[PDB]
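Residue numbers begin at 1 in each chain, while the letters A, B, ... track the order of the sequences.
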Number of protein chains: 2
Amino acid sequence: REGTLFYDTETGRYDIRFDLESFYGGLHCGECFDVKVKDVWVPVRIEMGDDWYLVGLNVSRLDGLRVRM
Amino acid sequence: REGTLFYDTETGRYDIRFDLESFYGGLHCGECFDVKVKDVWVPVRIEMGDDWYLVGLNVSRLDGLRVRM
């Protein structure tokens, strides 16, 4: 359910860490999930343009966001 | 303050994201904090070897760890 979003170097994709040793495996274009914003969960979709970005929420960067699926 | 640990490509350092747009500003060698493992906070100290690593916790990778200062 809940995890942290991060960029994986040896795979130009963002991924989600759910546990100390439990990862999603890599997010693909179009995948949806919620981003934690203060006390609310905002629905977003990750996409690829010139670089990875989120549709549904304006953020400075995707690194370190708390997410939920 | 609780946050998420992530690799900051703008500085080559690991940093902590506390809120949607609040960041620690880049961790330096010797700085300490706790890492969430299960439902316990483990004290660590970040250092630089061949690459960044944590003294106090043997983990495959630092990306996405939940932490607190």
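Residues B:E2 and A:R66 meet the side-chain proximity criterion, which asks for heavy atoms closer than 4.5 Å. The shortest distance between side-chain heavy atoms of A:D8 and B:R61 falls below 4.5 Å. With a 4.5 Å cut-off on side-chain heavy atoms, B:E21 and A:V59 count as touching.
Within a 6.0 Å sphere centred on CZ of B:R45, heavy atoms belonging to other residues, nucleotides or ligands number 12 at most.
The minimum heavy-atom distance linking A:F6 with B:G64 is given by the pair CB-N, 4.3 Å.
Between atom CZ of residue A:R17 and atom CG of residue B:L5 there is a gap of 8.5 Å, rounded to the nearest 0.5 Å. With rounding to the nearest 0.5 angstrom, the CG atom of A:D63 is 9.0 Å from the OG1 atom of B:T4.
Follow the hydrophobic side-chain contacts under 4.5 Å out from A:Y7 and you reach A:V35 in the same cluster. Under the 4.5 Å side-chain contact rule for hydrophobic residues, B:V37 and B:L65 share a cluster. Under the 4.5 Å side-chain contact rule for hydrophobic residues, A:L57 and B:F23 do not share a cluster. Under the 4.5 Å side-chain contact rule for hydrophobic residues, A:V55 and A:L62 do not share a cluster. There is a path of hydrophobic side-chain contacts, each under 4.5 Å, that joins A:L54 to A:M69.
For A:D19 and B:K38, the salt-bridge test fails: no basic side-chain N is under 4.0 Å from an acidic carboxylate O.
For A:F18, no part lies near chain B; criterion is any non-hydrogen pair under 4.5 Å.
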